[PDB]
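Going in written order, the chains are labelled A, B, C, D, E, F and G, and every chain counts its residues from 1.
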Amino acid sequence: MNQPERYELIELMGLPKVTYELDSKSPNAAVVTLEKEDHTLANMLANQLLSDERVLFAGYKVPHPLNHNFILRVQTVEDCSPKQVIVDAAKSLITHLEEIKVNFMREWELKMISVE
Amino acid sequence: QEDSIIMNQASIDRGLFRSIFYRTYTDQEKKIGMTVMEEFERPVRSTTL
Amino acid sequence: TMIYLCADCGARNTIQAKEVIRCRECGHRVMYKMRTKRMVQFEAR
Amino acid sequence: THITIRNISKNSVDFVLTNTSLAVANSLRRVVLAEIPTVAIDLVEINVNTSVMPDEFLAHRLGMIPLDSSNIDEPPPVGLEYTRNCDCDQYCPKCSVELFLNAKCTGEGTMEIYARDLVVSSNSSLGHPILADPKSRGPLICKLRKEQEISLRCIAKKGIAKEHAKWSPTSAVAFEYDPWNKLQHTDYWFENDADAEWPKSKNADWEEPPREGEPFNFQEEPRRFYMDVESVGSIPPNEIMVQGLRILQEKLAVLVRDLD
Amino acid sequence: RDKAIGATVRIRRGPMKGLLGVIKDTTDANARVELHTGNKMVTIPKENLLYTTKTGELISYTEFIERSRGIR
Amino acid sequence: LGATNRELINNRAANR
Amino acid sequence: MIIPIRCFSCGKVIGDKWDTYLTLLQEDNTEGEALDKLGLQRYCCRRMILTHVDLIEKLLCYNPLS
């Protein structure tokens, strides 16, 4: 009776998909809230960010399992912005996944040809 | 913790520990003397108080 | 008017106003109502 | 990056993912288990049901039946749209599939109703029940006896396993890395000898065993992951992999577009 | 006395589009509706509901008021 | 008794 | 009641193997051997064929007709 509708895991209900705020407590630090997103995006995004030298801090948390969203705090060096490093990491991940895709498809075609 | 468990939600969605609850309501026509004072009918606002 | 099913036969019995509840091929005094005519929709989750 | 396909079955693909971070491999696993669209029976309208099966019992069983969902992301009429997004009043060929189940047992024995007994509205090869068993029947839906009837209409929609596990195209993803624990990511529990008391995995033969005298490598990370994606039948495993990789890319792209 | 209460309805638009139900209650703006599945109970705007007639047709809300007025 | 019970059960329609 | 369509844990479709499982058992196959021939490797997927009780058949014996 008090169940939430499962579509609430995928529907924004008017919420913004991405929220970006500047962390005032720390310099060059920002908090990015992603709604209806979970560890799938957050884990890889934070790992890619930490592959970057301009990123001093990169962490994420899911405040409650009963809310589908996650917060990502990123702090960069003075010469760069958190938004730019986040975008660069996202673009790099997109490219990486693209090679994963292309090489998987090529190997699958080769293997199927071998089957025949 | 403290004697709680975590249940897989996918397992629930596939029918794990799903159950049916049946309840039964019994009614019957009463009567006193030779006159029946109960009727199974669709009551109407205009006559039933 | 109202049709019931002989709990033994399953035969359709058209009982009328103030008539003994009995089965006319099976004498059974227990019958069941028939499925409503309203729309029945269930989501498969 | 790289991928090595070690085995292909009718229902699964067994491969090795190299030159990747553990985060990306885990995100691939999670998206494959959670977010790949599939078509499944959603709404059941029941006209006659004189079986021993309750109505919602039957509805839940029908929703579990895997329907062909290949190319469900191509634009209609090649794929489907989410009925919430579609402009139809309640449903239409763009955002749904119609199936019908009309069965009646007039004989003496017991009539077994399978998935091959569903009749699919002809607008595409989408939504057709997968008949994978040798006799091409599919899942056993129900059983009837003389004078017992089922007559129902199913509306199959698009969805993902996050909303309900019925929309999941994969059964389970086998996922291993570091079969020799060269990274000591786990402290093996033992009584007398951890090495003797823990069986070695099959993937241990795809990596060089630890060298005696080698110092512990504290800068190394897991970069080789042995994965096995098993499909339910609705989508082929290779299409599952490609779709997961597309969905992750699109999540990242939405992030980029919103931030930029 | 609202004429919508007790009327079978389906949800036109929204995440719960396509679900059958019966209007148990009605405010001026929204109707409180008893869905047939999962013992669910919702509040849906009257404008978001197709209404079922005696002949099996589904009509819009404004069509429902125009039918209820009885002008002809 | 078993045979009598069988007879009474089977013919409950006729004996009614 | 009746064999579930999918496994509770693995989500693998088992609802199309109950008849095959019984037929294998009739052919002098142990339950383990039969499950092996059905390609049920995960013990989570195996338990549901192993431990299923078919109450549908007993519920079908109360037919109002003959």
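Some notes on this structure:
Methods note: a contact is a pair of C-beta atoms (placed from the backbone, for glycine too) under 8 Å apart; a residue touches a chain by one contact, two chains touch by 3 or more.
Counting only chains that touch, the fewest steps needed to get from chain B to chain F is 3.
Taking C-D and C-G together, the pair of chains sharing more C-beta contacts is C-D. Seen from the Cα centre of chain A, the chain whose own Cα centre is farthest off is F.
As a whole-number value, the distance joining the C-alpha centres of chain E and chain G reads 44 Å. Chain C and chain F have Cα centroids lying 26 Å from one another.
Mean C-alpha position of chain A lies 75 Å from that of chain F. Chain B and chain D have Cα centroids lying 38 Å from one another. Within chain F, no positions touching two or more other chains are listed. Chain contacts: chain G has residues 4-7, 9, 11, 64-65 touching two or more partner chains. In chain B, 10-11, 13-15 are the positions where the chain touches two or more neighbouring chains simultaneously. Per the contact rule defined earlier, chains pair up in contact as A-D, A-E, B-D, B-G, C-D, C-E, C-F, C-G, D-E, D-G. Only residues 9-11, 13-15, 18, 20 of chain B touch chain D when the two sit together in their complex. Residues of chain G touching chain D in their complex: 1-7, 9-13, 15-20, 42, 45, 56-57, 59-60, 63-66.
Of all residues in chain A, those touching chain D in their complex are 6-7, 9-11, 16-18, 20, 32, 34, 37-41, 43-48, 51, 83, 86-87, 90-91, 93-94, 96-101, 103-105, 107-108, 111-112, 115. Across the complex, chain C meets chain E through its residues 38-43.
Against chain B, in their complex, chain D makes its touches with residues 54, 57, 60, 64, 161, 164-166, 168.
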